[PDB]
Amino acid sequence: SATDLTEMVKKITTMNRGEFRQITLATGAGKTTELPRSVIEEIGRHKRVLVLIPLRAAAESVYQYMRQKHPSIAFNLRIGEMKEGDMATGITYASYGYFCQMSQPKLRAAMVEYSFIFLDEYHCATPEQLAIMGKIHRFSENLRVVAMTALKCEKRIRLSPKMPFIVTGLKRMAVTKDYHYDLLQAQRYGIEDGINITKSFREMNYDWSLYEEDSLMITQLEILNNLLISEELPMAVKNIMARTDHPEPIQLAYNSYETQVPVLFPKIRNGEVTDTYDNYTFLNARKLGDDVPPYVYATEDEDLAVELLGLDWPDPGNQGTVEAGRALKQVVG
């Protein structure tokens, strides 16, 4: 009721910079909604508060609702292009993806200017959400952060010391969370900054205690993430990733440690190899044929085609890739 909200607001409003609070708001309303509203009415209307929402549509929807409901409070929406030198005063409703456009120093300069940062629906664990949480935690000392919470076919990952070290693919499962695939995709958000997103996630989760952890999986993912950012990404690969409609461009970034040429593996209908190939834009790819590429990162179907055809994946071809393999073997052992 109002008794528990006033206590929650007073606990939030008295937080010092460098502090974190987790909130479970089971009933009502809420969250998104009345919590940052009550916080801003307490700290002052011209102070800045950020509310991070996973879906862009959900952000626009809260923004519309709140601005009509509370005309006395200023509201801002950030779901498109970066508003350069943004200093807008009320509650800012932004998607996590909006902040994924910023470099680490730009991100910090933007973030520190908010009195409070509300991480809404953290349980969704989207790649933009996982990247932002890990990235902002790197300067958490400078922030007041509050995390709030209320069959199907999904991508899963397999990790091994035998190359391809990463294998991703759809899996049949019950309904709503396994965030490993989203964590792997989130890694793309630290390439340009030379940030290990896995390390940032592990460090954030140790302080914030938001997610359950599979220690072996995190350790393996962190070893692979170090390989990912070990060298500057080639400009040719950077351009392809920025422009392709490929569902996992990070595959291009991981594979560049062995090959610059993407390969088109024949599609699998039922449990058999077809004369069909999935062609994505900007790749300038060759078909598999009988020459299997030295992939670090493969898809379940790419691996399946290799098996069905009687082919073998190559072994690590350089020091870096041989070392990732022995590090992964040590960790499993």
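When you see a residue number, it is the position in the sequence shown, counting from 1.
In this entry, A150 is separated from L151 by 10 or more residues of the deposited sequence that have no coordinates.
Counting the unmodelled positions of the deposited sequence between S72 and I73 gives zero.
Mean C-alpha B-factor is higher over 76-84 than over the other stretch, the pair under comparison being 76-84 and 220-228. Stretches compared: 166-174, 250-258. Higher mean C-alpha B-factor in the entry: 166-174. Among the modelled residues of its chain, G18 has a C-alpha B-factor that falls in the lowest third, as given in the PDB entry. Ranked by C-alpha B-factor against the other modelled residues of its chain, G320 falls in the middle third. In the deposited entry, the Cα temperature factor of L233 places it in the middle third of its chain's modelled residues. Among the modelled residues of its chain, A186 has a C-alpha B-factor that falls in the lowest third according to the deposited record.
When all modelled residues of the chain are sorted by CA temperature factor, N239 is found within the highest third.
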